[PDB]
Trainee: 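First the structure, which I've put down as structure tokens, then a few questions once you've had a look.
Quick note: residue numbers are just sequence positions, from 1.
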Amino acid sequence: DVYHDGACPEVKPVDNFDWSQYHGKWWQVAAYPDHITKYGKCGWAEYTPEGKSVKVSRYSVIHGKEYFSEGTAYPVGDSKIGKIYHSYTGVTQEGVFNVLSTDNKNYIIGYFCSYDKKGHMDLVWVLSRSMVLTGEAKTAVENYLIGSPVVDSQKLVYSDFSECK
């Protein structure tokens with residue numbers, strides 16, 4: 001678990017998040033290593049809409065063992081600001097994360113910061129409708145990472161949905 005002296009940075013929230021995109025199968029195409037360790041490699045999730053929320057069934061390989069987690073996600077306050085409550089089971093755990101960037105079509109970048117040792121740990125992940133980022137979505141992703149008051153594009157690990165077992 002990697003810690004960075006100081007409080008979590010202040011983050012500019014998105015203003016156009018669209019909950020309607022999240023159904024079907026989304027692939028976790030990249031993440032920070034602390035996230036891949038904690039919540040697994042080879043990650044993907046099937047989202048099922050249920051009113052103003054989504055049911056999440058998420059597959060990953062965690063400490064070398066396959067797991068399914070059953071979980072939910074919900075908006076927190078105005079849905080457009082991309083503040084997202086999620087639960088995942090287990091042992092059910094819950095929390096809140098925020099959306100750093102999306103094109104409301106192909107990809108979403110999620111972020112969680114967590115601050116008493118003098119510091120914070122950041123977790124970043126990227127989901128996409130396609131197993132691999134190609135082009136348009138990839139370009140969008142490429143640019144957002146640079147002006148990030150918080151994402152270190154060098155620290156991301158891109159998934160390889162190949163070997164995975």
Trainee: Of all the heavy-atom pairs spanning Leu156 and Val126, show the shortest one and how long it is.
Mentor: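 Scanning both residues, the minimum pair turns out to be CD2-CG2, 4.4 Å.
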Trainee: Could you check if a side-chain atom of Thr102 sits within less than 4.5 angstrom of a side-chain atom of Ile109, using non-hydrogen atoms only?
Mentor: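 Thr102 vs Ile109: side chains apart.
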Trainee: Is the ring pair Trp26/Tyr22 parallel, tilted or perpendicular, if the boundaries are 30 and 60 degrees?
Mentor: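 Taking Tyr22 first and then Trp26, their aromatic rings sit tilted (interplane angle of 30° to 60°).
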Trainee: Do any N or O atoms from the side chain of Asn104 and from the backbone of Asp18 form a donor-acceptor pair under 3.5 angstrom?
Mentor: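 Yes; at least one donor-acceptor contact below 3.5 Å.
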Trainee: Heavy atoms, side chains only, cut-off 4.5 Å: are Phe17 and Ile108 in contact?
Mentor: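 In short, these two side chains touch, coming nearer than 4.5 Å.
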Trainee: Can you tell if the side chain of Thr89 reaches within under 4.5 Å of the side chain of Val91, non-hydrogen atoms only?
Mentor: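 No, their side chains stay 4.5 Å or more apart.
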Trainee: State, with a plain yes or no, whether a side-chain heavy atom of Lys38 is found less than 4.5 Å away from one of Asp1.
Mentor: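 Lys38 vs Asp1: side chains touch.
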Trainee: Do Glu136 and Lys105 meet the salt-bridge criterion of a basic N to acidic O distance under 4.0 Å?
Mentor: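 The answer is yes: the pair qualifies as a salt bridge.
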Trainee: Less than 4.0 Å between a side-chain N and a carboxylate O, is that true for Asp78 and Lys83?
Mentor: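 Salt bridge absent between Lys83 and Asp78.
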Trainee: Should the heavy atoms of other residues, nucleotides or ligands under 6.0 Å from NZ of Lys25 be counted, would the total exceed 12?
Mentor: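 More than 12 within 6.0 Å, yes.
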Trainee: Over 60° means perpendicular and under 30° means parallel, so tell me whether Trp125 and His35 are parallel, tilted or perpendicular.
Mentor: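 Rings of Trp125 and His35: parallel, as their planes differ by under 30°.
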Trainee: Contact between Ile84 and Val96 at the side-chain level, heavy atoms closer than 4.5 Å - yes or no?
Mentor: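 A side-chain contact under 4.5 Å is absent here.
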Trainee: Nearest 0.5 Å, what's the CG-OH distance between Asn98 and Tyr111?
Mentor: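 OH of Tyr111 is found 9.5 Å from CG of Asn98.
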Trainee: Might you point out which heavy atoms bring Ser20 and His23 nearest each other, and give the distance in Å?
Mentor: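 Scanning both residues completely, I find the closest heavy atoms to be O-CD2, 3.7 Å.
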Trainee: Suppose the criterion is disulfide bond (SG atoms under 2.5 Å apart): which pairs have a residue in residues 136-165, not counting sequence neighbours?
Mentor: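 Every pair satisfying disulfide bond (SG atoms under 2.5 Å apart) with a residue in residues 136-165: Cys42-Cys164.
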Trainee: Sort and list the pairs that fulfil side chain to side chain donor-acceptor pair (under 3.5 Å) and have at least one residue in residues 67-77, not counting sequence neighbours.
Mentor: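 As it turns out, the side chain to side chain donor-acceptor pair (under 3.5 Å) pairs with a partner in residues 67-77, which skip direct neighbours, are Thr72-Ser87.
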Trainee: Following the transitive rule for hydrophobic clusters with a side-chain heavy-atom cut-off under 4.5 Å over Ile, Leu, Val, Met, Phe, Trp and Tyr, establish whether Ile36 and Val124 coincide in one cluster.
Mentor: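 No, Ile36 does not connect to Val124 through the hydrophobic network.
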Trainee: Check whether any side-chain heavy atom of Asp122 lies under 4.5 Å from a side-chain heavy atom of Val150, and answer yes or no.
Mentor: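 Yes; the side chains approach each other to less than 4.5 Å.
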Trainee: Is the backbone N or O of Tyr88 less than 3.5 Å from a side-chain atom of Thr92, with the two atoms forming a donor-acceptor pair by type?
Mentor: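 Looks like no, no N/O pair under 3.5 Å.
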Trainee: Could you see if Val141 belongs to whatever hydrophobic cluster contains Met131? Use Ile, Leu, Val, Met, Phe, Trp, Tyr and a side-chain cutoff under 4.5 Å.
Mentor: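 Same cluster.
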Trainee: Less than 3.5 Å apart, any donor N or O on the side chain of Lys80 or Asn16 sitting next to an acceptor on the other?
Mentor: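 The criterion, which ignores hydrogens and geometry beyond distance, is not satisfied for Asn16 and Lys80.
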Trainee: Rounded to the nearest 0.5 Å, what's the gap from NZ on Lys155 to OH on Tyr32? Could you check?
Mentor: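 Rounded to the nearest 0.5 Å, the NZ-OH separation comes to 5.0 Å.
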Trainee: Quick one: do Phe68 and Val61 end up in the same hydrophobic cluster if we chain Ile, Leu, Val, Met, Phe, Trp and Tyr together by side-chain heavy atoms under 4.5 Å apart?
Mentor: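 Linked, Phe68 and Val61 end up in one cluster.
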Trainee: Would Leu100 and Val11 satisfy side-chain contact (heavy atoms from CB on, under 4.5 Å), going step by step from the backbone distance to the final call?
Mentor: CA-CA 8 Å; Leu100 294 182; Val11 163; 3.8 Å; yes
Trainee: Give me the atom names and distance for the closest heavy-atom approach of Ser79 to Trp19.
Mentor: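 Reported closest heavy-atom pair: CB-CD1, 3.8 Å.
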Trainee: Are any non-hydrogen side-chain atoms of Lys117 and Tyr3 less than 4.5 angstrom apart?
Mentor: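 In contact.
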Trainee: Can you spot which of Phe161, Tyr39, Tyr59 makes a ring-ring contact (aromatic ring centres under 6.0 Å, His included) with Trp44?
Mentor: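 Among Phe161, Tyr39, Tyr59, the one that satisfies the ring-ring contact (aromatic ring centres under 6.0 Å, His included) with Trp44 is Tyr59.
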Trainee: Do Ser101 and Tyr107 meet the criterion of a side-chain donor-acceptor pair at a distance under 3.5 Å?
Mentor: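 There is such a pair (donor and acceptor under 3.5 Å, judged by atom type) between the side chains of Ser101 and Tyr107.
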Trainee: Just how far is it from atom NE2 of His120 to atom CZ of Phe112, taken to the nearest 0.5 Å?
Mentor: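 Between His120 NE2 and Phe112 CZ, I get 12.0 Å after rounding to 0.5 Å.
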Trainee: Out of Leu133, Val157, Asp160, which residue meets the side-chain contact (heavy atoms from CB on, under 4.5 Å) rule with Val29?
Mentor: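 Single pass found, and it is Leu133.
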Trainee: May I ask you to check whether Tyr144 and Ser148 show a side-chain donor-acceptor distance below 3.5 Å?
Mentor: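 Distance-only check passes for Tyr144 and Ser148.
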Trainee: For the side chain of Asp103 and the backbone of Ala137, is there at least one donor-acceptor N/O pair under 3.5 Å apart?
Mentor: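 The answer is no, because no donor-acceptor pair under 3.5 Å joins these two groups.
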Trainee: Atom NE2 in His63, atom NZ in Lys41: separation rounded to 0.5 Å?
Mentor: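 One gets 11.5 Å once the value is rounded to the nearest 0.5 Å.
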Trainee: Can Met121 and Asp34 be said to form a side-chain contact (heavy atoms from CB on, under 4.5 Å), step by step?
Mentor: CA-CA 9 Å; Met121 172 178 171; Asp34 282 337; 3.2 Å; yes
Trainee: Given side chains that start at C-beta, do those of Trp27 and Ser159 come closer than 4.5 Å, heavy atoms only?
Mentor: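 Side chain of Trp27 against side chain of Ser159, heavy atoms only: no contact under 4.5 Å found.
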Trainee: What's the separation between atom NE2 in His4 and atom NZ in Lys118, rounded to the nearest 0.5 Å?
Mentor: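 Result: 12.5 Å between the selected atoms.
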Trainee: Please round to the nearest 0.5 Å and tell me the distance separating atom CZ of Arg58 and atom CG of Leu127.
Mentor: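 Reported value, rounded in 0.5 Å steps: 8.0 Å.
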